[PDB]
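Worksheet: one structure, shown below.
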Amino acid sequence: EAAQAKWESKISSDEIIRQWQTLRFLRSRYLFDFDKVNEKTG
Amino acid sequence: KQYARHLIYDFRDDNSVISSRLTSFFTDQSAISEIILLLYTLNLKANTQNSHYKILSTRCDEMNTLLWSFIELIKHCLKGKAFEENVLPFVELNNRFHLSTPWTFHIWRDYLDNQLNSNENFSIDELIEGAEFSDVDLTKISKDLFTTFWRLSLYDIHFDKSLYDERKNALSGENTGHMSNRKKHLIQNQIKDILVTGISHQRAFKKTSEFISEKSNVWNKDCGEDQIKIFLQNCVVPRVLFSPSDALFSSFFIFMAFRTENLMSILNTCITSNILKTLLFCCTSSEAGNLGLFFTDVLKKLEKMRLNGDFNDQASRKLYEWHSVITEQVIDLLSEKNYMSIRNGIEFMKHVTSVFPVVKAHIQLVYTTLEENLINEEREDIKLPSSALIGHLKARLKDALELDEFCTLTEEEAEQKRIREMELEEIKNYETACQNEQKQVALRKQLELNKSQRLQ
């Protein structure tokens, strides 16, 4: 829940390897959306 | 089972005296359940350090083979009461510490099937024994299936008669001579053991096949699409990513439990909601190959239902509607960034291209997109299966392929088919004889000017 809480702080305020180190932990609860929620797929 | 290890050099039962001496060293330290919890969190601590990029993708996969292959040494030696006193109980492997439900059931599945086949009064003991599931949400999932999906192995879902008897004619085939009386005593003693194990497989297979049908009346009564959505992410897809032997189980079970009107609802949902591009990004080399092995046994199990059996005509197009999405989902992944989304993409296509050729249009799409990133940029020697894959996609391009035989309604494409027919009538008038000079665009260039739209 803190991993989404850093997203709720980031919007209100390498890179890819840190991005791969946060999608491997969000494939338990928030798996089905996977659209553009944390950042952009590109 | 024992003969299959003899082919892949998995010598367990050969050296049982050596391996049981080694396991006793880990018990006098009282540290078997300390190694497992150490090798687990060191796999999660590797999602905190930042030294390099590709090696930290390998070190996450290397601490996954080491933990899997350590459990297989525990189960081989600690049999009986010794397994109970060393490995911690299932209730507080999910409460005090926090292990994950694919990993928690992998240790405690052989024990919960030996006790269920020992006594039937023990059947009420273990299923009451359950702890809090803080990883997945039990609020609108049915525990009549969530416990039932995680408890069964592939031993009581699939059955064969062929491979049992393919060893019988082969063993007496090569062994026809006069070498000893002792080996002929043992070869006969090997033939008798396949027969007793074959019929005891059928006893356990039949008690499970009736077990699901007495529960399948409940499951196919409340079809919420969000209730399938909780079923998909919490139990199905974590079991597929786990292991190749647990990827085949999620393919067989979904066709034995559910009914075929509801089965077209669930597999549509995994296709329609585009997650296959986002799945293959956050996987390693091994976890991408298991997701290929799941899809190659859905599409193979569907074209036995189309060729022999009958689909409806809109349902036959619903098969080809899934065919057009999956190629658009992978070509957007075949052109992505530096290493991760291209290494998984070729690894996914090595298994699935057994049953690839369904559509004539789609193979020439994925074949040409292999040729663009060999011109854009190359960092490592990624070409060494890419040079192999381009041939086996081309050699099966020309076997048997048609789109119009199986799709009936084409509102613009048949009107496109009248266009693509008449231009070939002129080019054979152009090449052999000559009346009027008319040079047109070839197939390869109109694909790429269409593919640059399909990428965007």
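Chains as they are written, first to last, in our numbering: chain A, 6 to 47; chain B, 324 to 779.
We put the CB at the ideal spot given by N, CA and C, even for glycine.
Check: If contacts are defined as beta-carbon pairs under 8 Å, then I551(B) and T592(B) qualify, I think. What distance do you get, rounded to the angstrom?; Outcome: 6 Å
Check: List the residues of chain B that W25(A) touches, going by C-beta distances under 7 Å, in chain order.; Outcome: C605 and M663
Check: Check whether chain A comes within 7 Å of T601(B), counting only Cβ atoms and requiring the distance to be less than that.; Outcome: yes
Check: So, helix, strand or coil for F578(B), using DSSP?; Outcome: helix
Check: Among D19(A), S33(A) and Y35(A), which residue has its Cα nearest to the Cα of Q372(B)?; Outcome: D19(A)
Check: For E736(B), which of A527(B), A684(B), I480(B) and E548(B) has the nearest alpha-carbon?; Outcome: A684(B)
Check: Which same chain residues end up closer than 8 Å to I654(B) when comparing Cβ atoms and leaving out the 5 residues on each side of it in sequence?; Outcome: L688, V689, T692, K774, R777 and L778
Check: Using three-state DSSP, classify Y643(B) as helix, strand or coil.; Outcome: helix
Check: Applying a beta-carbon distance threshold of less than 9 Å, which residues of chain B neighbour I21(A)?; Outcome: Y376, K660, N661 and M663
Check: Taking just the CA atoms, how far does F534(B) sit from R526(B)?; Outcome: 13 Å
Check: Cβ of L564(B) within 7 Å of Cβ of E610(B)?; Outcome: yes
Check: So, helix, strand or coil for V340(B), using DSSP?; Outcome: helix
Check: Can you name the residues of chain A whose CB is closer than 7 Å to the CB of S596(B)?; Outcome: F37
Check: Report the option in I553(B), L603(B), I447(B) and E725(B) whose CA atom is closest to the CA atom of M663(B).; Outcome: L603(B)
Check: Identify whether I480(B) lies in helix, strand or coil by the three-state DSSP scheme.; Outcome: coil
Check: Buried or exposed: where does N338(B) fall if 16 or more other Cβ atoms within 10 Å of its Cβ makes it buried?; Outcome: exposed
Check: Quick one: which residues of the segment 450-477 of chain B get their C-beta closer than 9 Å to a C-beta of chain A? List them in chain order.; Outcome: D458, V459 and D460
Check: Using 10 angstroms around the beta-carbon of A580(B), count the other beta-carbons present and answer buried if the total reaches 16, otherwise exposed.; Outcome: buried
Check: So, using beta-carbon positions, are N409(B) and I355(B) closer together than 7 Å?; Outcome: yes
Check: Tell me, please, whether the segment 335-351 of chain B touches the segment 615-632 of chain B by the rule of three or more beta-carbon pairs shorter than 8 Å.; Outcome: no
Check: Near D479(B), which residues of its chain fall below 6 Å by C-beta distance, leaving aside the five closest residues on each side in sequence?; Outcome: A527, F528 and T531
Check: Looking only at C-alpha atoms, which of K641(B), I514(B), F472(B) and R335(B) sits nearest to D488(B)?; Outcome: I514(B)
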